[PDB]
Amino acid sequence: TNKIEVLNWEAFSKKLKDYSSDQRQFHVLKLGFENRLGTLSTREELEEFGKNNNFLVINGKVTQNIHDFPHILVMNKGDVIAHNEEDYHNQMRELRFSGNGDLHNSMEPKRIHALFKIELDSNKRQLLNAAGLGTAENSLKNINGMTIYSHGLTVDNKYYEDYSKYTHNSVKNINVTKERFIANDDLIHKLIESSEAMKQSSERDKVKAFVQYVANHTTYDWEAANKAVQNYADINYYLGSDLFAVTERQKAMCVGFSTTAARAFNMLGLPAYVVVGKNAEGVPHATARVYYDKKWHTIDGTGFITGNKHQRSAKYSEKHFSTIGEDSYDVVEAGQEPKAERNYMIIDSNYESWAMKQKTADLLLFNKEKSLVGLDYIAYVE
């Protein structure tokens, strides 16, 4: 009866070149999945599918003619094809748990397939659910002259997919490569360009311009900030706070804003670092400290959060006009305990005295070339 060969991309590609040399695009079906894995796929994209899938040849045929278009059949590398009924029933005798798979590297749900009808019925799936487990759903594909049936082989925690989204989000921003970091520095450079900060005369107006631009093109993450004030554990806090938040994600919280700003200011020859303290409403906050016009300043790049105002005291007036809230924080020295509990930033004066005297490009530590003021400029004078 019907034969099925399982080949990898190398072997399959050979057969493809023999039986379909003129064919340039292919649809691709993956056994166990509703939608095409690929539509109008090229041989390069086929090869890419070959990393996680093997290819099927059925009765000598490399493709299935479906609505007059060649379809390639693939399946997950750990899947099994039951040869006959006896084999299938051997295979389903005992629940097969995901963690006991031989190949350690791939423990996503495996499937079993057969040219005869196989399924796991709603009763068995209800019992799996009753043990907190899940397993891939029933499905089939009608092809040329036969039908291939599929369903879960391994059982696992029924929340596997939900969890695995957290796996992905938890790793996509760590193990950062030098390439990733340089590309981010490019994103910052582009923010600097778009802000037109370099077109400003004074250093102060450079700051103003960049801060206002970023505030006008980055979403503040109200939800995550909300959950963070009620110290509720949230991966979104980190996604809004790290070096990729305003640049890649375009959605950020205070630490994100302040880190992107500090990086940008150092590029612009304006000695900067990130500080933390508390809101004028007592809630934990973060800002940048930036050196310009002979002084270290507190710059709050997220000055739109608090609906409630608080004036006073006079140093020396509101007439010292700022439209980015320059130096509106009290400062607390690193080490010293905060004597108040609102409207302070914890600064480090030794570091500030040190930083203002360094070559600004050195302050970048790495990728020093992206400095916009060369490699020798020092902000401090006399």
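Residue numbers here begin at 1 and follow the sequence given.
When the mean C-alpha temperature factors of 151-159 and 71-79 are read from the deposited coordinates, 71-79 comes out higher. In this entry, the higher average B-factor at the C-alpha atoms falls on 348-356, of the pair 348-356 and 60-68.
Residue-level inspection of the entry shows that, of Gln336, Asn35, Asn53, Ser41, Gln336 has the top Cα B-factor. Which of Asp121, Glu248, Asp300, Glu193 has the largest Cα B-factor in the deposited entry comes down to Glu193.
Sort the modelled residues of the chain by CA B factor and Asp185 lands in the middle third.
Ranked by Cα temperature factor within the chain, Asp234 sits in the middle third according to the deposited record. Ranked against the other modelled residues of its chain, the C-alpha B-factor of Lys278 as given in the entry falls in the middle third. For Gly99, the recorded CA temperature factor ranks within the highest third of the chain's modelled residues. For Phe244, the recorded CA B-factor ranks within the lowest third of the chain. Only modelled residues enter the ranking.
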